[PDB]
Structures are given as structure tokens and as C-alpha cells.
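Visitor: You'll find work37.csv just under this line, and it carries CSV, C-alpha atoms and all ligand atoms.
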chain,number,residue,atom,x,y,z
A,1,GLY,CA,-40.4,21.2,-35.4
A,2,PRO,CA,-38.6,17.9,-36.1
A,3,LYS,CA,-40.1,14.5,-36.7
A,4,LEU,CA,-39.1,11.5,-34.6
A,5,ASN,CA,-37.2,8.7,-36.2
A,6,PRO,CA,-40.1,6.3,-37.1
A,7,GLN,CA,-37.9,3.2,-36.8
A,8,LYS,CA,-37.4,4.1,-33.1
A,9,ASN,CA,-39.8,3.7,-30.2
A,10,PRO,CA,-40.0,7.0,-28.4
A,11,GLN,CA,-41.2,7.4,-24.8
A,12,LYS,CA,-44.8,8.7,-24.5
A,13,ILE,CA,-46.3,11.5,-22.5
A,14,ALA,CA,-50.0,10.6,-21.9
A,15,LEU,CA,-52.1,13.8,-21.4
A,16,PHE,CA,-55.4,12.3,-20.1
A,17,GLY,CA,-58.5,13.6,-18.3
A,18,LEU,CA,-62.2,14.0,-18.6
A,19,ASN,CA,-63.6,15.9,-21.5
A,20,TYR,CA,-63.7,19.7,-20.7
A,21,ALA,CA,-60.9,19.3,-18.2
A,22,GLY,CA,-58.6,21.6,-20.3
A,23,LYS,CA,-56.2,19.3,-22.0
A,24,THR,CA,-56.4,20.7,-25.5
A,25,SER,CA,-56.0,24.2,-24.0
A,26,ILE,CA,-52.9,23.1,-22.1
A,27,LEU,CA,-51.5,21.4,-25.3
A,28,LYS,CA,-52.0,24.6,-27.3
A,29,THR,CA,-50.2,26.7,-24.7
A,30,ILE,CA,-47.2,24.4,-25.1
A,31,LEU,CA,-47.5,24.5,-28.9
A,32,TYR,CA,-47.7,28.3,-29.0
A,33,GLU,CA,-44.7,28.6,-26.8
A,34,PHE,CA,-42.5,25.8,-28.2
A,35,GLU,CA,-43.7,25.2,-31.8
A,36,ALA,CA,-40.0,24.7,-32.8
A,37,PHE,CA,-40.1,21.4,-30.8
A,38,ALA,CA,-43.4,20.1,-32.3
A,39,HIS,CA,-44.1,18.1,-35.4
A,40,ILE,CA,-47.4,19.7,-36.4
A,41,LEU,CA,-49.2,18.1,-39.4
A,42,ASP,CA,-58.2,18.1,-32.8
A,43,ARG,CA,-55.1,16.1,-32.8
A,44,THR,CA,-54.8,13.1,-30.4
A,45,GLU,CA,-51.2,12.2,-31.2
A,46,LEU,CA,-48.2,14.4,-31.9
A,47,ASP,CA,-44.4,14.4,-31.5
A,48,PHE,CA,-42.8,16.9,-29.2
A,49,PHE,CA,-39.2,17.4,-28.0
A,50,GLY,CA,-38.2,13.8,-28.6
A,51,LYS,CA,-41.4,12.4,-27.1
A,52,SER,CA,-44.7,11.2,-28.5
A,53,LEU,CA,-47.7,12.9,-26.9
A,54,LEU,CA,-51.1,11.1,-26.6
A,55,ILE,CA,-54.0,13.5,-25.8
A,56,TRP,CA,-57.2,11.5,-25.0
A,57,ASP,CA,-60.6,12.4,-23.5
A,58,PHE,CA,-62.6,10.2,-21.2
A,59,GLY,CA,-66.1,10.1,-19.7
A,60,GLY,CA,-69.0,12.5,-20.2
A,61,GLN,CA,-72.5,11.6,-21.4
A,62,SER,CA,-71.9,10.4,-25.0
A,63,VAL,CA,-71.9,6.8,-26.1
A,64,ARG,CA,-67.2,7.8,-23.4
A,65,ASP,CA,-65.3,4.5,-22.8
A,66,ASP,CA,-63.8,4.2,-26.3
A,67,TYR,CA,-60.3,3.6,-24.9
A,68,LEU,CA,-61.2,0.0,-23.9
A,69,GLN,CA,-58.2,0.8,-28.3
A,70,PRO,CA,-55.2,-1.2,-29.3
A,71,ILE,CA,-52.7,-2.2,-26.7
A,72,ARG,CA,-49.8,-0.2,-28.3
A,73,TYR,CA,-51.4,3.0,-27.1
A,74,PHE,CA,-50.7,2.1,-23.5
A,75,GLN,CA,-47.1,0.9,-24.1
A,76,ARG,CA,-44.0,3.1,-23.7
A,77,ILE,CA,-45.8,5.6,-21.4
A,78,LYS,CA,-43.1,7.3,-19.2
A,79,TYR,CA,-45.1,10.3,-18.1
A,80,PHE,CA,-48.7,10.1,-17.1
A,81,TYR,CA,-50.2,13.7,-17.0
A,82,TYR,CA,-53.7,13.8,-15.7
A,83,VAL,CA,-55.8,17.0,-16.0
A,84,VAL,CA,-58.5,17.6,-13.3
A,85,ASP,CA,-60.9,20.6,-13.6
A,86,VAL,CA,-61.0,21.7,-10.0
A,87,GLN,CA,-63.8,24.1,-10.7
A,88,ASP,CA,-66.1,21.3,-11.6
A,89,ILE,CA,-66.5,19.6,-8.3
A,90,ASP,CA,-69.5,17.5,-9.4
A,91,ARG,CA,-67.4,15.6,-11.9
A,92,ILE,CA,-64.4,15.0,-9.5
A,93,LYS,CA,-65.6,11.4,-8.6
A,94,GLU,CA,-66.0,10.6,-12.3
A,95,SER,CA,-62.5,12.0,-12.9
A,96,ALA,CA,-61.0,9.9,-10.2
A,97,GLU,CA,-62.8,6.8,-11.5
A,98,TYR,CA,-61.2,7.1,-15.0
A,99,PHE,CA,-57.9,8.0,-13.4
A,100,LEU,CA,-57.8,4.7,-11.6
A,101,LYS,CA,-58.9,2.7,-14.6
A,102,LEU,CA,-56.2,4.3,-16.8
A,103,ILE,CA,-53.5,3.8,-14.2
A,104,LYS,CA,-54.3,0.1,-14.0
A,105,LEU,CA,-54.3,-0.2,-17.8
A,106,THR,CA,-51.0,1.7,-18.1
A,107,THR,CA,-49.4,-0.4,-15.4
A,108,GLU,CA,-50.4,-3.5,-17.4
A,109,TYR,CA,-48.5,-2.4,-20.5
A,110,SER,CA,-45.9,0.2,-19.4
A,111,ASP,CA,-43.3,-0.8,-16.9
A,112,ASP,CA,-41.9,2.4,-15.4
A,113,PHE,CA,-43.8,5.7,-15.5
A,114,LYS,CA,-44.5,8.5,-13.1
A,115,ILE,CA,-47.7,10.4,-12.4
A,116,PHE,CA,-48.3,14.2,-12.5
A,117,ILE,CA,-51.7,15.6,-11.6
A,118,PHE,CA,-52.6,19.0,-13.1
A,119,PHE,CA,-55.2,20.5,-10.7
A,120,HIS,CA,-56.3,22.8,-13.4
A,121,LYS,CA,-58.4,26.1,-13.9
A,122,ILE,CA,-57.0,27.6,-10.7
A,123,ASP,CA,-57.3,31.0,-12.3
A,124,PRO,CA,-55.0,33.8,-11.0
A,125,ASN,CA,-56.1,36.1,-8.3
A,126,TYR,CA,-59.6,34.8,-8.4
A,127,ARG,CA,-62.0,33.7,-5.7
A,128,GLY,CA,-62.9,30.1,-5.5
A,129,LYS,CA,-60.1,28.8,-3.3
A,130,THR,CA,-62.4,26.8,-1.0
A,131,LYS,CA,-64.0,25.0,-4.0
A,132,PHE,CA,-60.6,24.4,-5.6
A,133,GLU,CA,-59.3,22.8,-2.4
A,134,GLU,CA,-62.4,20.8,-1.9
A,135,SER,CA,-62.2,19.4,-5.4
A,136,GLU,CA,-58.5,18.6,-5.0
A,137,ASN,CA,-59.0,16.9,-1.7
A,138,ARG,CA,-62.0,14.9,-3.0
A,139,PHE,CA,-59.9,13.7,-5.9
A,140,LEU,CA,-57.1,12.6,-3.6
A,141,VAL,CA,-59.5,10.8,-1.2
A,142,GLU,CA,-60.7,8.7,-4.2
A,143,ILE,CA,-57.3,8.0,-5.7
A,144,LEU,CA,-54.6,7.9,-3.0
A,145,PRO,CA,-55.5,4.4,-1.4
A,146,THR,CA,-54.9,2.8,-4.7
A,147,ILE,CA,-51.8,4.9,-5.5
A,148,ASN,CA,-50.4,4.1,-2.1
A,149,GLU,CA,-51.0,0.3,-2.6
A,150,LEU,CA,-49.2,0.5,-6.0
A,151,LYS,CA,-46.4,2.4,-4.4
A,152,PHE,CA,-46.6,5.5,-6.7
A,153,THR,CA,-45.5,8.9,-5.6
A,154,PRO,CA,-47.5,11.4,-7.7
A,155,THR,CA,-46.5,15.0,-8.2
A,156,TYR,CA,-49.2,17.7,-7.9
A,157,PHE,CA,-49.2,20.8,-10.1
A,158,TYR,CA,-51.7,23.8,-9.9
A,159,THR,CA,-52.4,25.4,-13.3
A,160,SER,CA,-54.4,27.8,-15.4
A,161,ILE,CA,-54.2,28.7,-19.0
A,162,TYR,CA,-54.8,32.3,-18.0
A,163,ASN,CA,-51.4,32.1,-16.2
A,164,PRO,CA,-49.4,30.3,-18.9
A,165,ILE,CA,-46.1,30.0,-17.0
A,166,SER,CA,-48.0,27.7,-14.6
A,167,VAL,CA,-48.8,25.4,-17.6
A,168,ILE,CA,-45.4,25.6,-19.2
A,169,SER,CA,-43.7,24.8,-15.8
A,170,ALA,CA,-46.0,21.9,-15.0
A,171,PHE,CA,-45.6,20.4,-18.5
A,172,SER,CA,-41.8,20.9,-18.7
A,173,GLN,CA,-40.5,20.3,-15.1
A,174,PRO,CA,-41.1,16.5,-15.1
A,175,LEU,CA,-39.0,16.1,-18.3
A,176,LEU,CA,-36.1,18.1,-17.0
A,177,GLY,CA,-35.6,17.0,-13.4
A,178,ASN,CA,-32.1,15.7,-12.6
A,179,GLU,CA,-33.3,12.1,-12.8
A,180,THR,CA,-34.8,12.5,-16.3
A,181,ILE,CA,-33.0,15.4,-18.0
A,182,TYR,CA,-30.2,13.3,-19.7
A,183,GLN,CA,-32.7,10.9,-21.4
A,184,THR,CA,-35.0,13.8,-22.3
A,185,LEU,CA,-32.2,15.9,-23.9
A,186,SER,CA,-30.8,12.8,-25.5
A,187,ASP,CA,-34.1,11.8,-27.1
A,188,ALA,CA,-34.7,15.5,-28.2
A,189,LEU,CA,-31.2,15.5,-29.9
A,190,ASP,CA,-32.0,12.2,-31.6
A,191,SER,CA,-35.1,13.8,-33.1
A,192,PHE,CA,-33.3,17.0,-34.1
A,193,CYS,CA,-30.5,15.0,-35.8
A,194,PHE,CA,-32.9,12.6,-37.5
A,195,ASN,CA,-35.0,15.4,-39.0
A,196,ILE,CA,-32.1,17.1,-40.8
A,197,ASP,CA,-29.6,14.2,-41.3
A,198,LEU,CA,-27.0,15.1,-38.7
A,199,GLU,CA,-24.5,12.5,-37.4
A,200,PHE,CA,-24.6,13.3,-33.7
A,201,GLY,CA,-25.6,16.0,-31.2
A,202,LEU,CA,-24.5,16.9,-27.7
A,203,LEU,CA,-25.7,19.3,-25.0
A,204,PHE,CA,-23.4,20.6,-22.3
A,205,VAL,CA,-23.7,22.8,-19.2
A,206,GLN,CA,-20.5,24.0,-17.4
A,207,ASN,CA,-18.6,21.8,-20.0
A,208,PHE,CA,-20.4,18.7,-18.6
A,209,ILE,CA,-22.5,16.6,-21.0
A,210,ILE,CA,-26.2,16.5,-20.1
A,211,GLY,CA,-27.6,15.0,-23.3
A,212,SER,CA,-26.1,13.1,-26.2
A,213,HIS,CA,-27.1,11.3,-29.4
A,214,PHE,CA,-24.8,9.4,-31.7
A,215,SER,CA,-25.8,7.5,-34.9
A,216,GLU,CA,-22.5,5.6,-34.4
A,217,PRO,CA,-21.9,4.7,-30.8
A,218,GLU,CA,-18.3,3.7,-31.3
A,219,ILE,CA,-17.2,7.4,-31.5
A,220,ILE,CA,-18.9,8.7,-28.3
A,221,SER,CA,-15.8,8.6,-26.2
A,222,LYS,CA,-13.5,10.2,-28.8
A,223,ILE,CA,-16.0,13.0,-29.6
A,224,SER,CA,-16.8,13.6,-26.0
A,225,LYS,CA,-13.2,14.0,-25.0
A,226,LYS,CA,-12.4,16.2,-28.0
A,227,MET,CA,-15.4,18.4,-27.3
A,228,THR,CA,-14.4,18.7,-23.6
A,229,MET,CA,-11.0,20.0,-24.6
A,230,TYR,CA,-12.5,22.4,-27.1
A,231,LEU,CA,-15.0,23.8,-24.7
A,232,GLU,CA,-12.4,24.2,-21.9
A,233,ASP,CA,-10.4,26.5,-24.2
A,234,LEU,CA,-13.4,28.7,-25.1
A,235,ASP,CA,-14.1,32.0,-23.3
A,236,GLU,CA,-17.5,33.1,-21.9
A,237,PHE,CA,-19.8,34.8,-24.5
A,238,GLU,CA,-18.0,34.4,-27.9
A,239,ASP,CA,-19.2,32.6,-31.0
A,240,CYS,CA,-17.9,29.0,-31.0
A,241,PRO,CA,-15.8,28.2,-34.1
A,242,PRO,CA,-16.5,25.1,-36.1
A,243,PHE,CA,-13.8,22.4,-36.1
A,244,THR,CA,-13.0,19.0,-37.6
A,245,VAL,CA,-12.6,15.7,-35.9
A,246,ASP,CA,-11.9,13.7,-39.0
A,247,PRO,CA,-14.2,12.8,-40.8
A,248,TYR,CA,-16.7,15.1,-38.9
A,249,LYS,CA,-17.1,18.8,-38.8
A,250,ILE,CA,-18.7,20.0,-35.5
A,251,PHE,CA,-20.8,23.2,-35.1
A,252,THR,CA,-21.5,24.6,-31.7
A,253,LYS,CA,-23.9,27.3,-30.4
A,254,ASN,CA,-23.6,28.7,-26.9
A,255,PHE,CA,-26.4,30.0,-24.6
A,256,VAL,CA,-26.5,31.2,-21.0
A,257,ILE,CA,-29.1,31.1,-18.2
A,258,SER,CA,-28.3,33.3,-15.2
A,259,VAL,CA,-29.3,32.4,-11.6
A,260,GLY,CA,-28.8,35.4,-9.4
A,261,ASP,CA,-25.2,36.5,-9.9
A,262,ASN,CA,-24.1,33.2,-11.4
A,263,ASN,CA,-24.2,32.1,-15.0
A,264,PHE,CA,-24.8,28.6,-16.3
A,265,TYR,CA,-23.0,28.3,-19.7
A,266,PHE,CA,-24.6,25.8,-22.1
A,267,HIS,CA,-23.3,24.5,-25.5
A,268,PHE,CA,-25.2,22.7,-28.2
A,269,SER,CA,-23.0,20.9,-30.7
A,270,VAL,CA,-23.9,18.8,-33.8
A,271,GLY,CA,-21.7,17.0,-36.3
A,272,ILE,CA,-21.9,16.4,-40.1
A,273,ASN,CA,-19.8,13.9,-42.1
A,274,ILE,CA,-17.5,16.0,-44.3
A,275,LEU,CA,-17.5,13.2,-46.8
A,276,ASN,CA,-21.3,13.9,-47.3
A,277,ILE,CA,-21.8,17.6,-46.6
A,278,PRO,CA,-25.5,18.6,-46.7
A,279,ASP,CA,-26.7,20.5,-49.8
A,280,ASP,CA,-28.3,23.2,-47.6
A,281,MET,CA,-26.0,24.2,-44.8
A,282,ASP,CA,-28.0,27.4,-44.3
A,283,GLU,CA,-31.0,25.2,-43.3
A,284,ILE,CA,-28.9,23.5,-40.6
A,285,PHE,CA,-27.7,26.7,-39.2
A,286,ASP,CA,-31.1,28.3,-39.2
A,287,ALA,CA,-32.5,25.2,-37.5
A,288,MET,CA,-29.7,25.2,-34.9
A,289,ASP,CA,-30.3,28.9,-34.1
A,290,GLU,CA,-34.1,28.5,-33.6
A,291,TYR,CA,-33.6,25.3,-31.6
A,292,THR,CA,-31.1,26.9,-29.3
A,293,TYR,CA,-33.4,29.8,-28.5
A,294,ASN,CA,-36.1,27.4,-27.5
A,295,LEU,CA,-33.7,25.0,-25.6
A,296,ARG,CA,-32.6,28.0,-23.5
A,297,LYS,CA,-36.3,28.8,-22.8
A,298,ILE,CA,-37.4,25.3,-21.9
A,299,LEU,CA,-34.3,24.7,-19.7
A,300,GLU,CA,-35.4,27.5,-17.4
A,301,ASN,CA,-37.7,24.7,-16.1
A,302,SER,CA,-34.9,22.3,-15.3
A,303,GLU,CA,-34.1,21.3,-11.7
A,304,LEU,CA,-30.6,22.5,-12.5
A,305,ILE,CA,-31.8,26.0,-13.1
A,306,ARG,CA,-34.6,26.1,-10.5
A,307,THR,CA,-32.2,25.0,-7.7
A,308,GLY,CA,-29.1,26.8,-9.1
A,309,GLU,CA,-27.1,23.5,-8.5
A,310,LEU,CA,-25.5,21.3,-11.0
A,311,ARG,CA,-25.6,17.8,-9.5
A,312,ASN,CA,-23.5,15.7,-11.9
A,313,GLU,CA,-23.9,12.4,-10.2
A,314,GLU,CA,-27.7,12.7,-10.0
A,315,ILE,CA,-27.9,13.5,-13.7
A,316,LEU,CA,-25.7,10.5,-14.6
A,317,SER,CA,-27.6,8.2,-12.2
A,318,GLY,CA,-30.8,9.2,-14.0
A,319,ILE,CA,-29.6,7.4,-17.1
B,1,LIG,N1,-61.4,29.4,-16.4
B,1,LIG,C1,-60.6,28.5,-17.2
B,1,LIG,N2,-61.1,27.8,-18.3
B,1,LIG,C2,-60.3,26.9,-19.0
B,1,LIG,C3,-59.0,26.7,-18.6
B,1,LIG,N3,-58.4,25.8,-19.4
B,1,LIG,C4,-59.3,25.4,-20.4
B,1,LIG,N4,-60.5,26.1,-20.1
B,1,LIG,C5,-61.8,26.1,-20.7
B,1,LIG,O1,-62.3,24.9,-20.4
B,1,LIG,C6,-63.1,24.4,-21.7
B,1,LIG,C7,-62.6,23.0,-22.1
B,1,LIG,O2,-61.2,23.2,-22.4
B,1,LIG,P1,-60.5,22.1,-23.5
B,1,LIG,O3,-59.1,22.6,-23.6
B,1,LIG,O4,-61.3,22.1,-24.8
B,1,LIG,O5,-60.7,20.8,-22.7
B,1,LIG,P2,-60.5,19.2,-23.2
B,1,LIG,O6,-61.9,18.7,-23.5
B,1,LIG,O7,-60.0,18.6,-21.9
B,1,LIG,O8,-59.6,19.3,-24.4
B,1,LIG,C8,-62.9,25.4,-22.6
B,1,LIG,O9,-64.0,26.3,-22.5
B,1,LIG,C9,-61.6,26.2,-22.2
B,1,LIG,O10,-61.5,27.5,-22.7
B,1,LIG,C10,-58.4,27.4,-17.4
B,1,LIG,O11,-57.3,27.3,-17.0
B,1,LIG,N5,-59.3,28.3,-16.7
B,2,MG,MG,-59.8,18.6,-26.3
Now that the file is in, can you turn its structure into C-alpha cells?
Ligand SMILES: Nc1nc2c(ncn2[C@@H]2O[C@H](COP(=O)(O)OP(=O)(O)O)[C@@H](O)[C@H]2O)c(=O)[nH]1
Ligand SMILES: [Mg+2]
Guide:
Amino acid sequence: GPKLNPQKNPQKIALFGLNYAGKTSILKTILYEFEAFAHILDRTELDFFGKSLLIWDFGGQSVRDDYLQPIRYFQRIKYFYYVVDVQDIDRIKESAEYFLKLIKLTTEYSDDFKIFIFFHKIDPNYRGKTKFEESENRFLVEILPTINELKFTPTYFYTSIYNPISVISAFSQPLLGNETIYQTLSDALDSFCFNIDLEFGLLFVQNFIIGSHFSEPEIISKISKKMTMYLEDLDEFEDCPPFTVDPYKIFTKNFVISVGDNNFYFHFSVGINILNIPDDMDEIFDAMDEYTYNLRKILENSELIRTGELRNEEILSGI
């Protein structure tokens, strides 16, 4: 997948937890499903879908607290993903202790992030439910008084790598809620355009813009209006022809997610400057095709698709 623009400061997803909690396994699930979104050089840092991922272990019996690391690592955190092995009840108190330490550190250096707890290794159809619940409740007993004092509202997920949709849904749903989807898609488009030297990129659903990136902001209104008119003249389920908005040529791919009897029609559009046409247009088309396939897949996790409701004002307020 595409690199992030190194002159830019992406938002971070922190994937934290005790050693053995399952985080590398969770990461690899995402990477096997969405390699097209990942810049792949055990890795502790990688770029994914317009975000920077930080995957760090804590605790255990080795000489365990090596995070107390430069301050830059706790800056720009927007998503705090914390993995808790609920089979390992004896380590739950240790897990909660690091959780609280890391939340306090993150609050010191990052201003506005949200918390997602992955209650992990809840393997499908298998006994163990009493222990799983006891571990989850013990974790919450340890962490909620502090969370409540700090006025967080964490989200709880229930995951297992042996049921990979649970992991894919937990990891992707936070990025694609109505409050975060526009920024997520916009940052993903920025990375996509940077990686192959495109001028701008837009994503639409039902002809409404849900993500946008422009290397020149002066043209946003003009291109957005022209794209709206172009899309409103297109029929369902045909290739979208290229067109020119001088000096740009714009290429569009369409994709669809059905929810019951209803379709959500999406469009992915990117622009090149005709006065500097890339030497390898095939590379751009092949990249767009692969990206579109994976965008369709990850957007199955958006609140839009999960509820079957396009809430324009909520998406615009999320910005
Ligand atoms: N039963 C079960 N084992 C898992 C699960 N996820 C990870 N593991 C196992 O837990 C061990 C630690 O996983 P790992 O991904 O290396 O954890 P990390 O130390 O947090 O990176 C490994 O043996 C994994 O195969 C899961 O969902 N269910
Ligand atoms: Mg690991």
C-alpha cells in the first residue's frame, strides 16, 4: 500500500496491551485482509489507510516498562485500542494497571482521542464464557472509576482471531463512524494521492462527498460542483468516463454496497494535471482498481452501511 506524506503529521492509532494479549495477531489479520492499505517495509510502527499505527507491548516479567520513550510517541493519538486477553484472568489487574498508566500519559500529550477496548480471545462457540465475563468485569472494575473521572466513554469490542470478521469489524468500525468517516477517508485519500503523485481525490456516496483531499485548496469548490453535476448525469452500474476540468483530467471508479433491497452507490475520483501527465498511467489505473476493491470491503464496516442510513449532517459535523 501507499506511504504517508512524511511532511504531514498523521493521526495515530495506538494498539496497546500486555505482551501475549494478541496484538500482533490482530495486526496481521488486518494486514492479510487489507494489504493494499498498508505500507509494509516484529514491526512496532506502520502506516495504514492514512493513519500511523503504533503496536507496543507492556508488562510481563522481563526487565517491561520501557515506554517511560520520547514524547513524540504519545502525541497525535486519536484512537486508543487496548487489547485485553480475557482468558488470562490472573493478568487482568496487571493489564488494567498499564491501561491506566498509558491513558494518563496519552492525555498529557494528545488532546482528543477515544478509547476502544478489545476483549480478546473470545473464541467462537467455545466454553469459557464465565471466565471471559469475570475477566472483563474485573478489568472494568479496575479502570472505570478513573475513566469516569476523566469523562471518557470507552467502546467495548469482543474479538478472536479465529473469527476474523470480529477483528476486522472492531479495528475498522471506529474509523468509519459518522463522526470520524470524513476525516478518515480524507486522510486515506491524501496518502493515496501522495504515493502516486495525484493532484486530488474524492469519495462519494449517493453523490454526496464523504472524503476529500486537494493539494491546492483553492479548487475544492469548483471541482466539487463539477463532480456533483457529472455524477448526477451518470446511470447506475456503468463505467464512469474520464473528463477534463482544465487543467485537470479526472478519473472515476464506481462501487456499490447493498443493504437489503437498497443500494449505496459510491464513487472514487482522482485528478491528474494534464500539463504533467504521469509516465505510467497504467500504474495509476491498477492502483485505483485495487484500492477501490478494498475501499468497498472496508466500508462494509461504516456506520452508514451498518445502519443503512446516510446521515449527511452527522458526517459533516464530524469534520
Ligand atoms: N485462543 C486464541 N489465541 C490467540 C488469539 N489471538 C492471539 N492468540 C495467541 O495468543 C499468543 C500471543 O499472541 P500475539 O499476537 O503474539 O500477542 P502480542 O504479544 O500481544 O503481540 C499467541 O500464541 C497467539 O496465537 C485468539 O483470538 N484466540
Ligand atoms: Mg507482538
Visitor: Between A:19, A:183, A:159, A:5, which is the closest to ligand MG 2 (chain B) once you count all atoms listed in the file?
Guide: A:19
Visitor: Excluding same-chain residues fewer than 4 positions from residue A:142, what lies within 10 Å of it counting only C-alpha atoms, as a ChimeraX atom specification?
Guide: /A:92-97,99-100,137-138,146-147
Visitor: Which residue is closest to residue A:270? Choose from A:291, A:193, A:255, A:311 and count all atoms listed in the file.
Guide: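 Once distances to residue A:270 are computed over all atoms listed in the file, the minimum belongs to A:193.
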Visitor: Considering all atoms listed in the file, return as a ChimeraX atom specification whatever protein or nucleic-acid residues lie within 12 Å of residue A:6, sequence-local ones (same chain, fewer than 4 positions apart) excluded.
Guide: /A:2,10,47,50-52,190-191,194-195
Visitor: What is the distance, in Å and to one decimal place, between atom CA of residue A:294 and atom CA of residue A:178?
Guide: 19.4 Å
Visitor: So, counting only C-alpha atoms and all ligand atoms, which residue among A:71, A:27, A:205, A:310 is closest to ligand MG 2 (chain B)?
Guide: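 Comparing A:71, A:27, A:205, A:310 against ligand MG 2 (chain B), the winner is A:27.
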Visitor: Rounded to one decimal, what separation in Å do you get between atom CA of residue A:39 and atom CA of residue A:4?
Guide: 8.3 Å
Visitor: Taking all atoms listed in the file into account, report as a compact mmCIF listing (two decimals) with C-alpha atoms, in the frame of the given file which residues have an atom no farther than 9 Å from an atom of ligand MG 2 (chain B).
Guide:
# COMPACT_ATOMS: atom_id res chain seq x y z
CA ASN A 19 -63.60 15.90 -21.50
CA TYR A 20 -63.70 19.70 -20.70
CA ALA A 21 -60.90 19.30 -18.20
CA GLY A 22 -58.60 21.60 -20.30
CA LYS A 23 -56.20 19.30 -22.00
CA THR A 24 -56.40 20.70 -25.50
CA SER A 25 -56.00 24.20 -24.00
CA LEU A 27 -51.50 21.40 -25.30
CA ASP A 42 -58.20 18.10 -32.80
CA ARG A 43 -55.10 16.10 -32.80
CA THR A 44 -54.80 13.10 -30.40
CA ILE A 55 -54.00 13.50 -25.80
CA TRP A 56 -57.20 11.50 -25.00
CA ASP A 57 -60.60 12.40 -23.50
Visitor: Can you find the residues with an atom no farther than 10 Å from (-34.3, 24.3, -16.1), counting all atoms listed in the file, and report them as number ranges by chain?
Guide: A: 169, 172-173, 175-178, 181, 257, 295-308
Visitor: Might you pull out every residue within 12 Å of residue A:282, with all atoms listed in the file counted and same-chain residues fewer than 6 positions away left off, and present them as a list in words?
Guide: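 So, after excluding close chain neighbours, the residues are residues 196, 288 and 289 of chain A.
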Visitor: By how many Å are atom CA of residue A:83 and atom CA of residue A:18 apart?
Guide: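 According to the coordinates, atom CA of residue A:83 and atom CA of residue A:18 are separated by 7.5 Å.
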Visitor: I need the residue nearest residue A:121 from this list: A:26, A:76, A:209, A:168. Use all atoms listed in the file for the distance.
Guide: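 Ranking A:26, A:76, A:209, A:168 by distance to residue A:121, first place goes to A:26.
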Visitor: Extract, using only C-alpha atoms, all DNA, RNA and protein residues at most 12 Å from residue A:117, discarding same-chain residues fewer than 5 positions from it, and format them as a PyMOL selection string.
Guide: chain A and resi 14-17+21+23+79-86+95-96+99+136+139-140+143-144+153-159+167+170-171+174
Visitor: Restricting the calculation to all atoms listed in the file, which member of A:66, A:113, A:122, A:13 is positioned closest to ligand LIG 1 (chain B)?
Guide: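 Of all the options, A:122 lies closest to ligand LIG 1 (chain B).
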Visitor: Looking at all atoms listed in the file, which of A:212, A:263, A:166, A:62 is the one that sits closest to ligand LIG 1 (chain B)?
Guide: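 Once distances to ligand LIG 1 (chain B) are computed over all atoms listed in the file, the minimum belongs to A:166.
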Visitor: Might you pull out every residue within 8 Å of residue A:316, with only C-alpha atoms counted and same-chain residues fewer than 4 positions away left off, and present them as a PyMOL selection string?
Guide: chain A and resi 179+182+312
Visitor: Within 8 Å of (-41.4, 4.9, -18.2), in the coordinates the file gives, what residues turn up when you count only C-alpha atoms, written out as a VMD selection string?
Guide: chain A and resid 11 76 to 79 110 to 114
Visitor: Rebuild N, CA and C atoms on stretch 113-128 of chain A, as a PDB file, in the coordinates of the input?
Guide:
ATOM      1  N   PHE A 113     -43.361   4.331 -15.178  1.00  0.00           N
ATOM      2  CA  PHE A 113     -43.800   5.700 -15.500  1.00  0.00           C
ATOM      3  C   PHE A 113     -44.089   6.407 -14.194  1.00  0.00           C
ATOM      4  N   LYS A 114     -44.163   7.720 -14.294  1.00  0.00           N
ATOM      5  CA  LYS A 114     -44.500   8.500 -13.100  1.00  0.00           C
ATOM      6  C   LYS A 114     -45.719   9.387 -13.416  1.00  0.00           C
ATOM      7  N   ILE A 115     -46.394   9.785 -12.328  1.00  0.00           N
ATOM      8  CA  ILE A 115     -47.700  10.400 -12.400  1.00  0.00           C
ATOM      9  C   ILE A 115     -47.617  11.845 -11.988  1.00  0.00           C
ATOM     10  N   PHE A 116     -48.237  12.712 -12.804  1.00  0.00           N
ATOM     11  CA  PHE A 116     -48.300  14.200 -12.500  1.00  0.00           C
ATOM     12  C   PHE A 116     -49.724  14.597 -12.677  1.00  0.00           C
ATOM     13  N   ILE A 117     -50.271  15.183 -11.629  1.00  0.00           N
ATOM     14  CA  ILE A 117     -51.700  15.600 -11.600  1.00  0.00           C
ATOM     15  C   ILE A 117     -51.729  17.070 -11.824  1.00  0.00           C
ATOM     16  N   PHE A 118     -52.439  17.533 -12.836  1.00  0.00           N
ATOM     17  CA  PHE A 118     -52.600  19.000 -13.100  1.00  0.00           C
ATOM     18  C   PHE A 118     -53.938  19.353 -12.508  1.00  0.00           C
ATOM     19  N   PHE A 119     -53.918  19.983 -11.327  1.00  0.00           N
ATOM     20  CA  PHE A 119     -55.200  20.500 -10.700  1.00  0.00           C
ATOM     21  C   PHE A 119     -55.371  21.838 -11.444  1.00  0.00           C
ATOM     22  N   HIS A 120     -56.323  21.835 -12.387  1.00  0.00           N
ATOM     23  CA  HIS A 120     -56.300  22.800 -13.400  1.00  0.00           C
ATOM     24  C   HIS A 120     -57.557  23.768 -13.320  1.00  0.00           C
ATOM     25  N   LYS A 121     -57.436  24.952 -13.954  1.00  0.00           N
ATOM     26  CA  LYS A 121     -58.400  26.100 -13.900  1.00  0.00           C
ATOM     27  C   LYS A 121     -58.362  26.785 -12.574  1.00  0.00           C
ATOM     28  N   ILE A 122     -57.203  26.771 -11.910  1.00  0.00           N
ATOM     29  CA  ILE A 122     -57.000  27.600 -10.700  1.00  0.00           C
ATOM     30  C   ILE A 122     -56.580  28.974 -11.211  1.00  0.00           C
ATOM     31  N   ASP A 123     -57.570  29.762 -11.590  1.00  0.00           N
ATOM     32  CA  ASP A 123     -57.300  31.000 -12.300  1.00  0.00           C
ATOM     33  C   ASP A 123     -56.699  32.041 -11.414  1.00  0.00           C
ATOM     34  N   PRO A 124     -55.796  32.870 -11.935  1.00  0.00           N
ATOM     35  CA  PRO A 124     -55.000  33.800 -11.000  1.00  0.00           C
ATOM     36  C   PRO A 124     -55.854  34.852 -10.335  1.00  0.00           C
ATOM     37  N   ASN A 125     -55.515  35.051  -9.052  1.00  0.00           N
ATOM     38  CA  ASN A 125     -56.100  36.100  -8.300  1.00  0.00           C
ATOM     39  C   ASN A 125     -57.591  35.988  -8.154  1.00  0.00           C
ATOM     40  N   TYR A 126     -58.169  34.815  -8.334  1.00  0.00           N
ATOM     41  CA  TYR A 126     -59.600  34.800  -8.400  1.00  0.00           C
ATOM     42  C   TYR A 126     -60.179  34.035  -7.198  1.00  0.00           C
ATOM     43  N   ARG A 127     -61.365  34.438  -6.755  1.00  0.00           N
ATOM     44  CA  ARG A 127     -62.000  33.700  -5.700  1.00  0.00           C
ATOM     45  C   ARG A 127     -62.307  32.259  -6.162  1.00  0.00           C
ATOM     46  N   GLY A 128     -62.524  31.388  -5.193  1.00  0.00           N
ATOM     47  CA  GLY A 128     -62.900  30.100  -5.500  1.00  0.00           C
ATOM     48  C   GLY A 128     -61.996  29.107  -4.796  1.00  0.00           C
TER      49      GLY A 128
END
